[PDB]
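**Q** One structure is given below, represented as structure tokens, and several questions about it will come after.
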Amino acid sequence: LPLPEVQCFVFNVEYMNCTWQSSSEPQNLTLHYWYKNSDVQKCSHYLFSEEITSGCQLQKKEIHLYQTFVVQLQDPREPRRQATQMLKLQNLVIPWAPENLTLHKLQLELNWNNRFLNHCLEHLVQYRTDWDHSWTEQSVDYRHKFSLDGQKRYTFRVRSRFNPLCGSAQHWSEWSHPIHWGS
Amino acid sequence: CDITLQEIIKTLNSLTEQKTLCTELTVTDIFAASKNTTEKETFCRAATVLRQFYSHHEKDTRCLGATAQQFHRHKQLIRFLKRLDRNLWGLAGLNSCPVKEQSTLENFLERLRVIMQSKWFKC
Ligand SMILES: *[C@@H]1O[C@H](CO)[C@@H](O[C@@H]2O[C@H](CO)[C@@H](O)[C@H](O)[C@H]2NC(C)=O)[C@H](O)[C@H]1NC(C)=O
Ligand SMILES: *[C@@H]1O[C@H](CO)[C@@H](O)[C@H](O)[C@H]1NC(C)=O
């Protein structure tokens, strides 16, 4: 007593990293999971920080959102020392940063893409010129299309979130590699 | 009521939302230690501590996790901490204020963000 807390994140619904802070402890910990209200198993992929379990990874086949997810950490030497945690996985999703950024004049239009996450995602776009001190950020619908000088040099970037429709997830994906224009 | 003030608040806002492994690491608490100390001194002393933190913990492995995202989280932490160090230093306009000689980093930041919000509220 006590046990460390498990951090579970679903990355663009491909795999799920479940970690914990091993660093804080006096001195290989076991992890099991199961889905509440469905039709217990052992972690098949163990992550090791300094040759002691850092966490666990769940492949797509094992991941079910909109199904109550339950995890149990335990201590091999002191089995009666264990902890259980319940998670909403639809709130745990963290998509990859947007890719394939494209621009064409018409009236400029910006475009990015994701793999089969497009209808779940919510976007925030940032842009500035050489004449701008501050990032100008503009929120975007799941439609993922933005619209708006050759003398000014433009720089765009964007990130996305799993929200609200498919899930309530709080965290934003990393900033997409900047796309450029002008001069 | 500078733009910097805004950015300092935003950065602090951005720092508080997602916690890291490092946030629990201690830093000297300069708020309770204030004796007739001027705003500039505080901003300066605040910056001073942060500078000392990110210089010490930048390479700290405890703070850098195994996951690619724990690495990314920490990287933005140091980045932001450096940002605040510069912005805070510029506001104080003091050539130095060594604090010498605790508090949780996240608690320290949370307290700091409160001052800025009250400063920005004022103007
Ligand atoms: C999730 O789980 C895996 C396993 O830790 C992470 O992959 C590791 O990524 C970092 C990249 O620097 C390195 O430790 C190795 O490439 C991977 N682990 C190994 C082989 O030791 C992955 O980055 C995590 N996914 C996230 C958090 O985005
Ligand atoms: C933990 O398990 C791994 C893989 O089975 C093993 O290589 C390592 O020696 C173990 N460490 C211990 C005993 O804490």
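**Q** Consider A:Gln126 carefully, then state whether it is more than 23 Å from A:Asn91 (Cβ to Cβ), within 14 Å of chain B (Cβ to nearest Cβ), surrounded by fewer than 18 Cβ atoms within 10 Å (Cβ to Cβ) and touching a strand residue (DSSP E or B) at 6+ places or on another chain (Cβ under 8 Å).
**A** So A:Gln126 passes the test.
**Q** Go through segment A:32-43 and count every residue that is surrounded by fewer than 18 Cβ atoms within 10 Å (Cβ to Cβ) and in contact with a strand residue (DSSP E or B) (Cβ under 8 Å, 6 or more places away or on another chain).
**A** Residues that pass the stated criteria total 7.
**Q** Provide a single number: the residues in segment A:64-88 that are out of contact with any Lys or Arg (no Cβ under 8 Å at 6 or more places or on another chain) and assigned to a loop (DSSP other than H, G, I, E, B).
**A** Count: 10.
**Q** Any residue in segment B:15-24 that is among the basic types (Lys, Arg) and in a helix (DSSP H, G or I)?
**A** no
**Q** Could you tell me whether any residue of segment A:72-90 is touching a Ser or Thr at 6+ places or on another chain (Cβ under 6 Å), within 14 Å of chain B (Cβ to nearest Cβ) and within 16 Å of ligand 2 (Cβ to nearest atom)?
**A** no
**Q** Please work out which residue is farthest from the chain's Cα centre (by Cα), limiting yourself to segment A:15-55 and to residues that are more than 16 Å from ligand 2 (Cβ to nearest atom), part of a loop (DSSP other than H, G, I, E, B) and within 13 Å of chain B (Cβ to nearest Cβ).
**A** Among them, the one singled out is A:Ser24.
**Q** On to the next question. Hey, among the residues in segment B:6-48 that are within 14 Å of chain A (Cβ to nearest Cβ) and among the basic types (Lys, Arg), which one's surrounded by the fewest Cβ atoms within 10 Å (Cβ to Cβ)?
**A** B:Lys19
**Q** Failed condition for A:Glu174, given (1) within 14 Å of another protein chain (Cβ to nearest Cβ); (2) more than 24 Å from the chain's Cα centre (by Cα), with all others met?
**A** Just one mismatch for A:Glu174, condition (2).
**Q** Restricting attention to strands (runs of 3 or more DSSP E) lying wholly within segment A:89-183, give those where 3 or more residues are of a type outside the set (D, E, K, R).
**A** A:99-104, A:109-113, A:121-128, A:136-140, A:154-162, A:179-181
**Q** Can you tell me which residues in segment B:78-123 are under 24 Å from B:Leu21 (Cα atoms) and part of a loop (DSSP other than H, G, I, E, B)?
**A** Of everything in segment B:78-123, those that are under 24 Å from B:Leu21 (Cα atoms) and part of a loop (DSSP other than H, G, I, E, B) turn out to be B:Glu101, B:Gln102.
**Q** Taking into account only those residues within segment B:49-76 that are touching a helix residue (DSSP H, G or I) at 6+ places or on another chain (Cβ under 7 Å), more than 14 Å from chain A (Cβ to nearest Cβ) and within 20 Å of B:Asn107 (Cβ to Cβ), which is surrounded by the most Cβ atoms within 10 Å (Cβ to Cβ)?
**A** Top of the filtered list is B:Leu50.
**Q** Which one of these is within 14 Å of chain B (Cβ to nearest Cβ), surrounded by 14 or more Cβ atoms within 10 Å (Cβ to Cβ) and more than 15 Å from ligand 2 (Cβ to nearest atom): A:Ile94, A:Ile63?
**A** Residue meeting the stated conditions: A:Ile94.
**Q** From A:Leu148, A:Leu110, A:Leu117, grab the single residue that is crowded, with 18+ Cβ neighbours inside 10 Å and either among the β-branched types (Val, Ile, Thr) or within 15 Å of A:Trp181 (Cα to Cα) (or both).
**A** A:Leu110
As a convention, Cβ positions derive from the backbone with ideal geometry for all residues, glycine included, and neighbour counts pool all protein chains shown. Just so you know, all these numbers are worked out from the coordinates, no wet-lab data involved.
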